[PDB]
Structures are given as C-alpha cells and as structure tokens.
>>> print(open('run-v7.pdb').read())   # PDB, C-alpha atoms
ATOM      1  CA  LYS A 359      16.525 -16.291   2.779
ATOM      2  CA  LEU A 360      18.408 -17.858   5.687
ATOM      3  CA  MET A 361      21.215 -15.316   5.231
ATOM      4  CA  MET A 362      18.577 -12.534   5.511
ATOM      5  CA  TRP A 363      16.982 -14.144   8.559
ATOM      6  CA  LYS A 364      20.402 -14.337  10.188
ATOM      7  CA  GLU A 365      20.809 -10.641   9.396
ATOM      8  CA  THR A 366      17.455  -9.562  10.852
ATOM      9  CA  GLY A 367      16.511 -12.499  13.090
ATOM     10  CA  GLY A 368      18.410 -11.110  16.067
ATOM     11  CA  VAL A 369      15.947  -9.798  18.641
ATOM     12  CA  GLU A 370      17.665  -6.405  18.724
ATOM     13  CA  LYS A 371      16.701  -5.979  15.071
ATOM     14  CA  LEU A 372      13.347  -7.696  15.676
ATOM     15  CA  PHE A 373      12.465  -4.917  18.140
ATOM     16  CA  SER A 374      13.788  -2.067  15.969
ATOM     17  CA  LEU A 375      12.264  -2.751  12.531
ATOM     18  CA  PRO A 376       8.770  -2.872  11.025
ATOM     19  CA  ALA A 377       6.951  -6.157  10.595
ATOM     20  CA  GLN A 378       5.685  -5.318   7.117
ATOM     21  CA  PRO A 379       8.968  -4.489   5.346
ATOM     22  CA  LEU A 380       9.252  -0.810   4.452
ATOM     23  CA  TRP A 381      12.181  -0.062   2.153
ATOM     24  CA  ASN A 382      12.211   3.729   1.855
ATOM     25  CA  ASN A 383      14.102   5.525   4.602
ATOM     26  CA  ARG A 384      11.265   8.065   4.791
ATOM     27  CA  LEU A 385       8.757   5.446   5.919
ATOM     28  CA  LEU A 386      11.369   3.706   8.056
ATOM     29  CA  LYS A 387      11.819   7.001   9.920
ATOM     30  CA  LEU A 388       8.022   7.378  10.128
ATOM     31  CA  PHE A 389       8.015   4.078  12.047
ATOM     32  CA  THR A 390      11.269   4.196  14.050
ATOM     33  CA  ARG A 391      10.748   7.731  15.374
ATOM     34  CA  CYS A 392       8.008   6.128  17.495
ATOM     35  CA  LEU A 393      10.675   3.948  19.146
ATOM     36  CA  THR A 394      11.321   5.796  22.399
ATOM     37  CA  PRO A 395      14.090   5.032  24.901
TER      38      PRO A 395
ATOM     39  CA  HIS B 637      14.534   3.919  -5.985
ATOM     40  CA  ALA B 638      18.309   3.450  -6.167
ATOM     41  CA  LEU B 639      18.413   5.310  -9.507
ATOM     42  CA  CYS B 640      16.028   8.081  -8.361
ATOM     43  CA  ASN B 641      18.426   9.807  -5.954
ATOM     44  CA  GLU B 642      18.172  13.594  -6.275
ATOM     45  CA  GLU B 643      21.841  14.304  -5.535
ATOM     46  CA  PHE B 644      22.700  12.435  -8.736
ATOM     47  CA  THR B 645      22.032  14.419 -11.903
ATOM     48  CA  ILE B 646      19.602  11.899 -13.424
ATOM     49  CA  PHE B 647      16.404  12.706 -11.509
ATOM     50  CA  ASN B 648      14.776  14.446 -14.478
ATOM     51  CA  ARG B 649      15.098  11.462 -16.830
ATOM     52  CA  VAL B 650      14.390   8.757 -14.261
ATOM     53  CA  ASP B 651      11.379  10.745 -13.035
ATOM     54  CA  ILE B 652       9.961  11.094 -16.538
ATOM     55  CA  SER B 653      10.287   7.317 -16.926
ATOM     56  CA  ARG B 654       8.791   6.679 -13.467
ATOM     57  CA  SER B 655       5.874   8.950 -14.310
ATOM     58  CA  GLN B 656       5.099   7.122 -17.554
ATOM     59  CA  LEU B 657       5.234   3.683 -15.933
ATOM     60  CA  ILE B 658       3.076   4.587 -12.937
ATOM     61  CA  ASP B 659       0.675   6.511 -15.158
ATOM     62  CA  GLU B 660       0.008   3.544 -17.449
ATOM     63  CA  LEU B 661      -0.426   1.257 -14.451
ATOM     64  CA  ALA B 662      -2.889   3.655 -12.812
ATOM     65  CA  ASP B 663      -5.019   4.187 -15.925
ATOM     66  CA  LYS B 664      -5.185   0.443 -16.554
ATOM     67  CA  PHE B 665      -6.080  -0.211 -12.913
ATOM     68  CA  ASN B 666      -8.924   2.305 -12.901
ATOM     69  CA  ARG B 667     -10.279   1.100 -16.250
ATOM     70  CA  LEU B 668     -10.193  -2.539 -15.159
ATOM     71  CA  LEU B 669     -11.748  -1.841 -11.751
ATOM     72  CA  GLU B 670     -14.715  -0.029 -13.310
ATOM     73  CA  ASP B 671     -15.747  -3.204 -15.139
ATOM     74  CA  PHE B 672     -14.513  -5.421 -12.296
ATOM     75  CA  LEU B 673     -16.844  -4.308  -9.535
ATOM     76  CA  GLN B 674     -19.631  -2.981 -11.791
ATOM     77  CA  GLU B 675     -22.313  -3.978  -9.227
ATOM     78  CA  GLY B 676     -24.280  -5.328 -12.185
ATOM     79  CA  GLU B 677     -23.322  -8.906 -13.013
ATOM     80  CA  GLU B 678     -20.865 -11.669 -12.152
ATOM     81  CA  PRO B 679     -17.133 -11.263 -12.825
ATOM     82  CA  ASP B 680     -14.962 -13.727 -14.730
ATOM     83  CA  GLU B 681     -11.528 -15.175 -13.901
ATOM     84  CA  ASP B 682      -9.084 -13.846 -16.518
ATOM     85  CA  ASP B 683      -9.962 -10.231 -15.699
ATOM     86  CA  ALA B 684      -9.478 -11.109 -12.030
ATOM     87  CA  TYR B 685      -6.021 -12.374 -12.976
ATOM     88  CA  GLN B 686      -5.263  -9.097 -14.771
ATOM     89  CA  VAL B 687      -6.505  -7.013 -11.828
ATOM     90  CA  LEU B 688      -4.373  -9.009  -9.400
ATOM     91  CA  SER B 689      -1.351  -8.688 -11.699
ATOM     92  CA  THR B 690      -1.695  -4.906 -11.989
ATOM     93  CA  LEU B 691      -2.253  -4.503  -8.254
ATOM     94  CA  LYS B 692       0.837  -6.607  -7.478
ATOM     95  CA  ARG B 693       2.889  -4.061  -9.441
ATOM     96  CA  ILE B 694       1.254  -0.936  -8.016
ATOM     97  CA  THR B 695       1.758  -2.292  -4.490
ATOM     98  CA  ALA B 696       5.357  -3.261  -5.214
ATOM     99  CA  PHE B 697       6.078   0.270  -6.401
ATOM    100  CA  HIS B 698       4.107   2.086  -3.671
ATOM    101  CA  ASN B 699       6.509   0.766  -1.018
ATOM    102  CA  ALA B 700       9.470   2.854  -2.205
ATOM    103  CA  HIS B 701       7.757   5.378  -4.524
ATOM    104  CA  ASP B 702       5.402   8.210  -3.565
ATOM    105  CA  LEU B 703       2.478   7.270  -5.778
ATOM    106  CA  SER B 704       0.267   9.873  -4.077
ATOM    107  CA  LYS B 705      -0.473  12.236  -6.978
ATOM    108  CA  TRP B 706      -2.318   9.283  -8.534
ATOM    109  CA  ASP B 707      -4.850   9.073  -5.714
ATOM    110  CA  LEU B 708      -5.790   5.410  -5.333
ATOM    111  CA  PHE B 709      -7.277   5.289  -1.816
ATOM    112  CA  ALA B 710     -10.758   5.507  -3.327
ATOM    113  CA  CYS B 711     -10.090   2.523  -5.592
ATOM    114  CA  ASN B 712      -8.525   0.289  -2.942
ATOM    115  CA  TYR B 713     -11.071   1.177  -0.245
ATOM    116  CA  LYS B 714     -14.011   0.610  -2.606
ATOM    117  CA  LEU B 715     -12.567  -2.757  -3.622
ATOM    118  CA  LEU B 716     -12.213  -3.821   0.018
ATOM    119  CA  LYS B 717     -15.762  -2.685   0.823
ATOM    120  CA  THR B 718     -17.220  -4.795  -1.989
ATOM    121  CA  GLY B 719     -15.155  -7.640  -0.561
ATOM    122  CA  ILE B 720     -16.705  -7.402   2.875
ATOM    123  CA  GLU B 721     -20.164  -6.986   1.392
ATOM    124  CA  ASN B 722     -19.987 -10.047  -0.873
ATOM    125  CA  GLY B 723     -17.501 -12.365   0.875
ATOM    126  CA  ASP B 724     -16.176 -14.050  -2.265
ATOM    127  CA  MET B 725     -13.121 -11.993  -3.316
ATOM    128  CA  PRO B 726      -9.767 -13.659  -4.120
ATOM    129  CA  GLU B 727      -7.393 -13.874  -1.167
ATOM    130  CA  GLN B 728      -4.319 -12.463  -2.908
ATOM    131  CA  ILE B 729      -6.384  -9.535  -4.180
ATOM    132  CA  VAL B 730      -7.462  -8.839  -0.602
ATOM    133  CA  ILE B 731      -3.870  -9.106   0.642
ATOM    134  CA  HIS B 732      -2.367  -6.714  -1.884
ATOM    135  CA  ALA B 733      -5.214  -4.199  -1.545
ATOM    136  CA  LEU B 734      -4.742  -4.291   2.244
ATOM    137  CA  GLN B 735      -1.036  -3.619   1.646
ATOM    138  CA  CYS B 736      -1.408  -0.790  -0.875
ATOM    139  CA  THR B 737      -3.860   1.078   1.350
ATOM    140  CA  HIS B 738      -1.430   0.894   4.265
ATOM    141  CA  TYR B 739       1.203   2.330   1.925
ATOM    142  CA  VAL B 740      -0.996   5.246   0.811
ATOM    143  CA  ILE B 741      -1.897   6.087   4.414
ATOM    144  CA  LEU B 742       1.783   6.035   5.383
ATOM    145  CA  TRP B 743       2.813   8.343   2.539
ATOM    146  CA  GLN B 744      -0.078  10.741   3.290
ATOM    147  CA  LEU B 745       1.552  11.019   6.762
ATOM    148  CA  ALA B 746       4.985  11.449   5.102
ATOM    149  CA  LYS B 747       3.609  14.633   3.528
ATOM    150  CA  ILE B 748       1.934  16.066   6.664
ATOM    151  CA  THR B 749       5.370  16.832   8.134
ATOM    152  CA  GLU B 750       6.279  19.939   6.103
ATOM    153  CA  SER B 751       3.376  21.813   7.810
ATOM    154  CA  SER B 752       2.364  23.210   4.408
ATOM    155  CA  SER B 753      -0.949  21.340   4.670
ATOM    156  CA  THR B 754      -4.003  22.880   6.317
ATOM    157  CA  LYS B 755      -5.993  21.425   9.207
ATOM    158  CA  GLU B 756      -8.339  19.818   6.674
ATOM    159  CA  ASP B 757      -5.594  17.433   5.558
ATOM    160  CA  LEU B 758      -4.890  16.332   9.138
ATOM    161  CA  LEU B 759      -8.579  15.567   9.687
ATOM    162  CA  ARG B 760      -8.712  13.768   6.329
ATOM    163  CA  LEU B 761      -5.807  11.605   7.474
ATOM    164  CA  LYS B 762      -7.665  10.855  10.715
ATOM    165  CA  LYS B 763     -10.793   9.950   8.739
ATOM    166  CA  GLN B 764      -8.830   7.581   6.479
ATOM    167  CA  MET B 765      -6.982   6.044   9.454
ATOM    168  CA  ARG B 766     -10.128   5.170  11.467
ATOM    169  CA  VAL B 767     -11.808   3.775   8.359
ATOM    170  CA  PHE B 768      -8.769   1.565   7.641
ATOM    171  CA  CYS B 769      -8.486   0.027  11.145
ATOM    172  CA  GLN B 770     -12.223  -0.926  11.087
ATOM    173  CA  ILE B 771     -11.818  -2.920   7.801
ATOM    174  CA  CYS B 772      -8.517  -4.507   9.002
ATOM    175  CA  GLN B 773     -10.216  -5.813  12.216
ATOM    176  CA  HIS B 774     -12.789  -7.827  10.231
ATOM    177  CA  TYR B 775      -9.907  -9.177   8.135
ATOM    178  CA  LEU B 776      -8.083 -10.174  11.328
ATOM    179  CA  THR B 777     -10.841 -12.759  11.978
ATOM    180  CA  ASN B 778     -11.174 -14.229   8.475
ATOM    181  CA  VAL B 779     -11.050 -17.820   7.230
ATOM    182  CA  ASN B 780      -7.881 -17.457   5.139
ATOM    183  CA  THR B 781      -4.787 -17.690   7.330
ATOM    184  CA  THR B 782      -2.731 -15.640   4.864
ATOM    185  CA  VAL B 783      -5.319 -12.854   5.028
ATOM    186  CA  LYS B 784      -5.395 -12.878   8.824
ATOM    187  CA  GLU B 785      -1.585 -12.847   8.983
ATOM    188  CA  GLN B 786      -1.396  -9.817   6.696
ATOM    189  CA  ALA B 787      -4.075  -8.066   8.747
ATOM    190  CA  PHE B 788      -2.131  -8.589  12.011
ATOM    191  CA  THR B 789       1.155  -7.225  10.679
ATOM    192  CA  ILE B 790      -0.436  -4.127   9.142
ATOM    193  CA  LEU B 791      -2.663  -3.328  12.202
ATOM    194  CA  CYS B 792       0.291  -3.658  14.611
ATOM    195  CA  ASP B 793       2.559  -1.366  12.530
ATOM    196  CA  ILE B 794      -0.218   1.259  11.998
ATOM    197  CA  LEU B 795      -0.951   1.361  15.761
TER     198      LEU B 795
END
>>> encode(input="run-v7.pdb", output="structure tokens")
Amino acid sequence: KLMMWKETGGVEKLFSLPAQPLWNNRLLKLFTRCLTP
Amino acid sequence: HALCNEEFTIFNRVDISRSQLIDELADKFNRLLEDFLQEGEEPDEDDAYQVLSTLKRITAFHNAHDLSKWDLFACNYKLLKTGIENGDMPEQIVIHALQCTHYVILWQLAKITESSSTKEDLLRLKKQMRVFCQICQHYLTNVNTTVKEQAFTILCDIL
C-alpha cells in the first residue's frame, strides 16, 4: 500500500487521476479528456 | 480484463465465460432483491449478507467490464430510494450501490460516443445523471463517515 501511495501520491498524479479508482482505459479516458491545459 | 483483450485470439472463449459468470450474478441479484425490498414485511440479516456479497462482486466487475446489457440501474436506484425512505439500510450496501450506479452511468456515456444512439439516449443519460446527483447529495450529509466519504469522491468525479 505504501509502495502504491509512493507511486500515485505525487501531486502531479494526484491532479491527473480519478479519485474513485477506474481501471479500464475507456473510463480513464472518459475522465482525463476533461483535463484541459 | 487482462485476458479479454480482442487482439488476442481468445475473446470468444473468455467472453462466453464472462457472460455465464455475470449472468448468474445478475439473476441471483434480481431474485434476491425482489424478496429483499418487498415493501411488505421486515428483512432478516443472512439475506442482507447475501445481497451485500453479490453486490460486492457485481460492483467489482462493473469497474472493468461493460455490464450494460444486464441493465441494473433500475435495481440499484430502487434500492437507494428505499434506503432514503426508510433510513435503516446497511452502510456497506449503500456504499457499493452508490459505486455500481456511478459505474453504470459512466459506461452509458462510454457508449454515447459512437453516435449510433438517437437523441432519446442522450436525454435518458441526462435524466439518469440528474437523478443520481440528487441522491448523492443527501448521502453527502449522512451520519456514517464512510458513506459521506464515498459520496464526496463519486460526486466530484461525476461533476
């Protein structure tokens, strides 16, 4: 769990990933396409 | 999901297996829910355990699998409505229902991209979205901290 949180705990990943974890790349795109510049 | 990649020549077999598993889970869920809510008398605890166990599997699979052909939005949304109306439902049941409904809404969107769907489907998605947010708000101001935490995450991502 701490290894994971070191993977994703960085704020750059914190501001580029969903809060509720979505595993499929389809739904990840559904979210991250709303991330503008 | 790792074994269901189309480019690999196993999709037929893995999809047959996927279909059987999800089918059994869906039939059991519907059958159990009919007696669960029932509007007629008081529910017990072992059947609540079974319902929670089945829902924990359907939710776990609806995060990477498109369980849309087995329309469940009616089941989950009905369950949540009885929960607001009575105010005695189990917390984990609320949490996993609130998760599975977010998943079904997200996949419904996933399918609105091909443009093969008529305007009726877009309006249906709007109707399901506004209904969901209303229920999530009430669950953002609940007594159970786990429930309120799950509400926040889901509402933020949906918005």
>>> closest_atom_pairs(input="run-v7.pdb", of="chain B", to="chain A", cutoff="8 Å", atoms="all atoms listed in the file", output="tab-separated table")
residue	atom	partner	partner_atom	distance
B:699	CA	A:380	CA	6.3
B:700	CA	A:382	CA	5.0
B:701	CA	A:382	CA	8.0
B:742	CA	A:385	CA	7.0
B:743	CA	A:385	CA	7.4
B:746	CA	A:385	CA	7.1
B:789	CA	A:377	CA	5.9
B:790	CA	A:378	CA	6.6
B:793	CA	A:376	CA	6.6
>>> resolve_selection(input="run-v7.pdb", expression="the PyMOL selection byres ((chain B and resi 726-740) around 6)", output="VMD selection string")
chain B and resid 688 695 712 725 741 to 743 783
>>> axis_aligned_box(input="run-v7.pdb", around="range 364-376 of chain A", padding_each_side="4 Å", output="JSON")
{"center_x": 14.8, "center_y": -8.2, "center_z": 14.1, "size_x": 20.0, "size_y": 20.3, "size_z": 17.3}
>>> atom_distance(input="run-v7.pdb", atom1="CA of residue 792 in chain B", atom2="CA of residue 723 in chain B")
24.1 Å
>>> atom_distance(input="run-v7.pdb", atom1="CA of residue 795 in chain B", atom2="CA of residue 364 in chain A")
27.1 Å
